[PDB]
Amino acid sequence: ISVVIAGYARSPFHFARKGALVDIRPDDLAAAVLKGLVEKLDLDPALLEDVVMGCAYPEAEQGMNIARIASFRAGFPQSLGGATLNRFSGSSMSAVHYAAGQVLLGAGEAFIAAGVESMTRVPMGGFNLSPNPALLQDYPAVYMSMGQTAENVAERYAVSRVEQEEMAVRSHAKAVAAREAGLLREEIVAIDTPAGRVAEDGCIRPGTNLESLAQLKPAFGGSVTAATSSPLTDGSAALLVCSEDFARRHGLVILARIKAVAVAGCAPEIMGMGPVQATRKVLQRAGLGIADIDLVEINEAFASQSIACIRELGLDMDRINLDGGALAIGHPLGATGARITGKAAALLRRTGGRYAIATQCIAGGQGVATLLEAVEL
């Protein structure tokens, strides 16, 4: 069975606490994106087997199996399944991997693989934090801050502050170029809020420049700053993962075929390097080399780790994050894996490429990757 991505939708992404989505509960935000996806495809949600929702902190407003809450809030029929999946920042990419496996098993033909984070309304870390006392004593790197891991990569992989800032300039310039060309509009579901309808991304900072960035304070006692870190973000993203036969029968435009998937573990103290081994695994599984990949969506958790991974894999920077990356677009942890996988698929179709990879790092030392191919191949 050929497994494809045949739809991609997301909310605008906004800053936590200070942006336009602070009043929207994450279950309602996710439900709006689920509804917007099936409406853009003119697809009866009764045809869906299951909704798998990535969420890094699935508690409080993100609790009670937010996949199923969001499905009911979207008015989807009770016949669907729903399950919530936490692999921190990679959650909704693992939702794609889950769905792709069920398609291959013949355990249903059509799935939503989605994610959500309201970093406003469920702050990163959750409530009632309770680290394991034995690991905290014997293996403290398990609970290392993300910023310290970013400094560890900057030091050990030799990514200077100025190199990090150059990536922030390019991420924002590419995001602005894409936004101004209308190239972010089709993937967006506008969201209704008390202040009105939100249709545009909020984290992009046009005219980001080296001189302004050099004035910022270090965020973590070293090279990294707020500008070279993904911001705290609210957002949701959703993909239709289905058999190729299902997509063709319902007249859906196929963005890409899923050719290979992977997870890989790494040292937690340098968790930002997760993408290297996860990318090498999809390449090996696909029978491809890095030189075969037209474009990559590598999540910009921090410039230090994104650059370090790009260099280690031998990637051309001109093939990275074509319409901007998370330093500009934002990073609502549970939602990002669906966004970068869907965006990689939509970009592969838009550019007429053959292969794409979406990949990202994960707290606790992991990486995930997805290798996409043009469905014609």
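Note that residue numbering begins at 1 and tracks the sequence as displayed.
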Per the entry, higher mean C-alpha B factor between 47-55 and 308-316: 308-316
Return whichever of 177-185 and 234-242 has the greater mean Cα B factor according to the PDB record. 177-185
From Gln215, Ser118, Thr279, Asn86, can you pick the one with the highest C-alpha B factor in the entry? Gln215
Highest-ranked of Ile298, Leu288, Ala168, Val263 once sorted by CA temperature factor in the record: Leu288
Sorting the chain's CA B-factors, does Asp323 end up in the lowest, middle or highest third? middle
Quick check for you: using the entry's CA B-factors within this chain, is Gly274 in the lowest, middle or highest third? lowest
Based on the deposited C-alpha B factors for this chain, I'd like to know if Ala199 is in the lowest, middle or highest third. highest
Lowest, middle or highest third: which one holds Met124 when the chain's residues are ordered by CA B-factor from the entry? highest
Chain-relative CA temperature factor third for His14: middle
